[PDB]
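Coming up is one lone chain in structure tokens, specifically the form deposited in one PDB entry.
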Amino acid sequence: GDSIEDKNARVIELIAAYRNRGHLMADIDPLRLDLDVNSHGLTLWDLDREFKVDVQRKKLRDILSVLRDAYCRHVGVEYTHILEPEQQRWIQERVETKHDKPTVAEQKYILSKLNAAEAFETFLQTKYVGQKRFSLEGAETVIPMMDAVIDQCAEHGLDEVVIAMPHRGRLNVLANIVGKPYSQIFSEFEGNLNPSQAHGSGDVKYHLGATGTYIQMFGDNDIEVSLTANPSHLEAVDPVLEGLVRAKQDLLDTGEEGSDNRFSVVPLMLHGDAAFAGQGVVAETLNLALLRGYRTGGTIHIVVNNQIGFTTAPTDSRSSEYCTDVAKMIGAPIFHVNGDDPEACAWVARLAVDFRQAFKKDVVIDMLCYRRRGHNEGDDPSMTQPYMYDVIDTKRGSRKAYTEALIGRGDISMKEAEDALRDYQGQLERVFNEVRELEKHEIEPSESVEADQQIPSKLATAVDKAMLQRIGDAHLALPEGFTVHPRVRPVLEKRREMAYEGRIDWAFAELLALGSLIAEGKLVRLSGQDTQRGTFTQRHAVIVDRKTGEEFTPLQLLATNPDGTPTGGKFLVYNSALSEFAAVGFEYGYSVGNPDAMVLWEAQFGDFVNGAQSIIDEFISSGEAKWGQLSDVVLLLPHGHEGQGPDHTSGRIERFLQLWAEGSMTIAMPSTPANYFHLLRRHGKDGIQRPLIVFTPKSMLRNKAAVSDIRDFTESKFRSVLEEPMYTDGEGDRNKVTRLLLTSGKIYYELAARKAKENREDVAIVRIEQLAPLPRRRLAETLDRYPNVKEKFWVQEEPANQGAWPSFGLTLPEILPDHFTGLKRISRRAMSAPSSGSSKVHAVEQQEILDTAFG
């Protein structure tokens, strides 16, 4: 036969090999630190021969030049893992082509960005040699790359770019991308902060955020750009950024629940190479990318891959070939780019935005670069990486290299390049001198943020009977032909009955609170594991057609007024992924993104919220004091000793009470459905942006004593302290009381049952519903109504080192000494775990507490 047919088969194999694996041979590293193949008779003598390619006939040397330029030069493209052939074709069409050369104006603009990037760092090195700044030197190309992402987003007519990033080049991005004034950055290095800057306890300069407007230089558009605050904990901000962006998209009616699919707010997420591979929150957050409750239409990721993590080499940081391999699980294309090629970096940035816009999905840019100085500017890296730093010492920086290229191209002269550098440096010097001339402020200890936010003087949470009845009737306003599951129908009928006749249970009180807020025009977002039905089969926020699987959400009917006009409200209820860290981070971010939303996250059991401990510690409990960032997220934590074991008993009340300070959070453990209703309505209507932690029930959901009357919803308010109904409404005599039992939560019902069984008129039980801030005035005023009390006990089912005792045992005798001197504890013994593993052992221990309280 004709050997051209054999040779053509080898050409088809070569095309596939470059597309699939060319990235493994690409010249992406700026440091350059690192017989049985069947050729089917193809050799170097076939270079000028024409071959058939899939339609077209091309010379072998031309096929090989296109493949080598696309896949083996300064850009490594990974895309053949993508399922969708139209996405692979889209990328092939754009990378297997001769690129348009940037104009001289575009080249000068890129150089102006590299000048700003390096000169900002060398200026800080000269003025503040002894202060950490986490310089981007060796990775200056991140600045024209980020400029190109934002400029391309503006070109697509998008609304906003929200950035989250770590420390590397943070100050550089704040000054040269977001527009944080140089004077403000210099004031931080000077330690001369005005009262606004010195507010709260604060945080380090490389954790701060900023906002501004980016104005295009090559087009007629502009776009908002924001950079969010973050703690030191690397990658922890990743789900927070997604939540912030989702909330902004929902507000613009763009995105998943929106009237259009523009997803017009773009998350731009930066990462370090060691952190991106090592932190589990990265995979958890990528896992949210296509979920209906969390999708943001694609995140643009940039890894500042300086091939080091402090003193650790990549071989000790990851098991994958690339630090970006984790992102392939959601079908993201990956572009590995040589950080010493500014034009390739800008081109990849624009291609990434175009791909995100075309397919509304994630894209990753792996920018290979290096770290010019030590990990921080006081660290000596040659002790552990002598070879790498001997190579770095021989390298001209990307600014100098690009300047020489433009001089060589004839664009600029050496004198012009020198003058432009002196001008930028001269402007930094001028601003530095002005800041240094400012009057020095006296340094004072930091102050509590407690008084910065206060409840309005007038706020009622009660609703009328018509509102209760409307929410009850919504449960039976089924779509025509809908088949209700036979074991769900009694719940719907019971809700109509409770709305008109009382005995309202916990689950319905929660829906009365959320439904009445929706009717008043509020956006309510509720999510968590199995939250649509409820872990305890109690919520039924979504009901499923038994014959068709169609879904009906009764509370969504409250988003329309009886006359047919919208209230402006909405109910967004989702089953979350099986994640705690990313889910809690996302809801925290969502509440920051839309302060007017009611945002609730529900743990399956409170025992699993320790999986989100970094979010609780670094964002929820402390973001207001550290950054002035406000969140109104609600965490619902099912809690209570019921004999189900040490991981189905406790939400670790003691840990939240320990974290509490400065009125940063509200912490509550309501004992009645109406009090929970009023708590949620107060939180949604008070205009205070502070988190709420609620310890919620499990067996108490179906306790026939734990029900509320209609008048408790229509004629009452949130009560931080509750007395027994016999004293406030009944014929109970407070003067007969000699023993006071103080408690919180479901144990009240067991104590009250024991009091009734033994007719103990000498014992009274007082509940603390709001654990933090402690209701000092209401507690003192309640205790003053029992003048003959000789002894007081704090009673709890939790072990002695858990529950409220560790904080209350110390604080109650200090803040109210005339009431709580001599306060004693009644509880389970101190325990390493939250409870026994045995239901029978739980029952004996529970009875001991009750016997001790009445002994």
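If you superpose the two forms and keep the largest set of C-alpha atoms that fall within 1.5 Å, you have the rigid core. All residue numbers are counted from 1 along the displayed sequence.
There is another form of this protein, the form deposited in another entry, and it is not shown here; the text below is about that form.
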| query | finding |
| --- | --- |
| Moved residue between this form and the one not shown - picked from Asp423, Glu497, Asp762, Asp647, where its Cα shifts 2 angstroms or more relative to the rigid core | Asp423 |
| After fitting the core, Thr782 CA displacement of 2 Å or more between this form and the one not shown | no |
| Core-aligned C-alpha movement of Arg533 between this form and the one not shown, 2 Å or more | no |
| Rigid core superposed: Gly408 CA moves 2 Å or more between this form and the one not shown | yes |
